[PDB]
Number of protein chains: 2
Amino acid sequence: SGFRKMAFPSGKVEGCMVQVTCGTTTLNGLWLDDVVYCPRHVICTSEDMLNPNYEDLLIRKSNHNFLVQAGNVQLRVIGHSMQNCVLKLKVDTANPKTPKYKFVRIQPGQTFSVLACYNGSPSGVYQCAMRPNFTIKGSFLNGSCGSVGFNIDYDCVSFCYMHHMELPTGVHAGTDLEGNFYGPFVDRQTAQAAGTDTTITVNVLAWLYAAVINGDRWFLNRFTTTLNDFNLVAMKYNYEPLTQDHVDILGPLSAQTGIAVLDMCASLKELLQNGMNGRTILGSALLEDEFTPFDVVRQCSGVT
Amino acid sequence: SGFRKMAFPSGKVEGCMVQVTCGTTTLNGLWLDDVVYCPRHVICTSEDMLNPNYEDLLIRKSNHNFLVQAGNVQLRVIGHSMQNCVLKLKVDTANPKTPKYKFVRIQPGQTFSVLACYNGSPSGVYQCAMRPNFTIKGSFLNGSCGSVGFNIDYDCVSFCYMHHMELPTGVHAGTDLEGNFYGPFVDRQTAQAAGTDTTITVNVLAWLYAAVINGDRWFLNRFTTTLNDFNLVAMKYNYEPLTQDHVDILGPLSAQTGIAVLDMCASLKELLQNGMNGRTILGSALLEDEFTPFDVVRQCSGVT
Ligand SMILES: O=C(Cc1cccnc1)Nc1cccc(O[C@H]2CC(=O)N2)c1
Ligand SMILES: O=C(Cc1cccnc1)Nc1cccc(O[C@H]2CC(=O)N2)c1
């Protein structure tokens, strides 16, 4: 027993982290096969970031202007191209450490691990969720651009995020591995603001199931509700509307615990309306929304 | 910016994880050089655990009775010995993936990463602290015994914990890599209880410094206090007494922020006496004690 914000083992991803330097700028790159993926703002100077024309800026860049280093060895860049907001640097050596990988665009609500990196070197790993407003609440400093978000299935790494920027509000914006930003964010140093951050209801429910499994049963009440009535209370508290798909995904958790999804919803409705009264759930004084129903089953069943 | 419970990259430790089977029992082992370290309760049956005589039980065990598997390859055990509560299985092949390592016994209050494992395979990584009562609040299921706690410095892994058991209260007990339990715990299926779990004051202070660095400044007040007055309030709330050593270790955080340690103590005294009033600090509705002052500087400076 015990419930922690667990991240996937990062070894398969550490093997891919490289340092990419363009002029004065150094950031991280992802080396899979003979391609190094990195944010395209590596070709920018601090003046360029205000209003950059990336096609024009890339025209003044040649293969030799991009310095790629993997540990202490320099990789020869034989080609370069721009795919949306990522640069793909073709290198002459394929990464011998390349794991089985997929490039995937995750949905908001879904979770993933981040391997924060500086100068192509990993500093730490933590679990994140793609917020409904398409930002992530990460831990990133200047120099962490190019750090990737990933999931692991058996031996296959699904890369879903590449860090590009921080908004003045302290939240982080980034792209999938095809260079497409999650949300309305543009890789320009212009005032951008994240919209309303809503709470991932299905994840809070999954974590309530995880608390019941672990012994925290105080919040369980003698009540039930309907999907429409629960959603009236979810609306007021900026919670994502619960759908029958969500109820379905909670099915294995509901089946294991023996608590109906709508019963857990009534318990959640009371937690929203009445607060926690100074008590805690899984050592947390607030309702946690960064565990998907898949994360809960995986952690409560030891899926390696 | 952003502050997360970050764990060290686990790649160097994944390379050491092996599966150790003795009779019907399977658990994890740590393969460093030609030695595999694992909990000695691997030689026990469910009946033996009630009151085991490990010397007598080991006398009926031979080199061939311990099955060690690293991935899909069986390792030949050429020697076996008991060091306190760990078995050291000498194998004929040295681990080619052995990183630079030290075996260290950490103090309560200190933090470390755990690579939870099942059948010699890593399932996830998370950050932990050694509680003042010598237990850890981990996430472990049956089959995770042998999972290790570690820290990383540059390229050197300092192994500090090996998971052995779970107490009926849901907390976890284990040993250093010399087989010595942290705390009064014995590897026997007998009713054991953890003592009072106090709050690591210096870590809560370090995390208040991390909140100030990150923009959360609401809790800052126009007051100060003395070490003895603060400790009167720490005592009432089961907080560890603050010493001049703690004030010293907080020195670089105090120097960076410009807030005196005793000033932060007055802010903490008010948080203890008045609560958080529904507000949050670093997205947490309670006072976090699992970040050391070293963890704070490392995360707020990008130490790879
Ligand atoms: O933020 C970083 C580096 C960094 C520092 C700290 C943490 N993570 C990333 N770069 C950057 C890149 C592209 C646009 C950009 O403009 C900002 C203004 C806005 O809203 N977005 C900034
Ligand atoms: O707990 C486990 C396996 C396990 C299961 C879930 C999570 N982590 C570990 N084994 C074990 C080993 C040695 C003594 C022992 O007795 C318990 C009674 C007590 O207080 N300690 C139990």
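To match Swiss-Prot, the residue numbers of chain B are left as they are there, and the shown ones run 3264-3567.
According to its header, this structure was worked out by X-ray crystallography, 2.2 Å.
The backbone N, Cα and C atoms fix where each Cβ goes, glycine too.
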(Q) Just to confirm what the record says: which one of B:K3353, B:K3499 has ubiquitin cross-link annotated in Swiss-Prot? (A) B:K3353
Q | In sequence order, those recorded positions of B:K3268, B:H3304, B:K3353 whose CB lies under 6 Å from ligand 2 | A | B:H3304
(Q) Using the alpha carbons only, what distance in Å do you get between B:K3353 (ubiquitin cross-link) and B:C3408 (active site, nucleophile) once rounded? (A) 19
(Q) Between B:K3268, B:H3304, B:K3353, which of the recorded positions has its C-beta surrounded by the fewest other C-beta atoms within 10 Å? (A) B:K3353
Q | Mapped DSSP class for B:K3353 (ubiquitin cross-link), helix or strand or coil | A | strand
Q: Work out how many Å separate B:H3304 (active site, for 3CL-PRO activity) and B:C3408 (active site, nucleophile) at their Cα atoms, rounded off.
A: 9
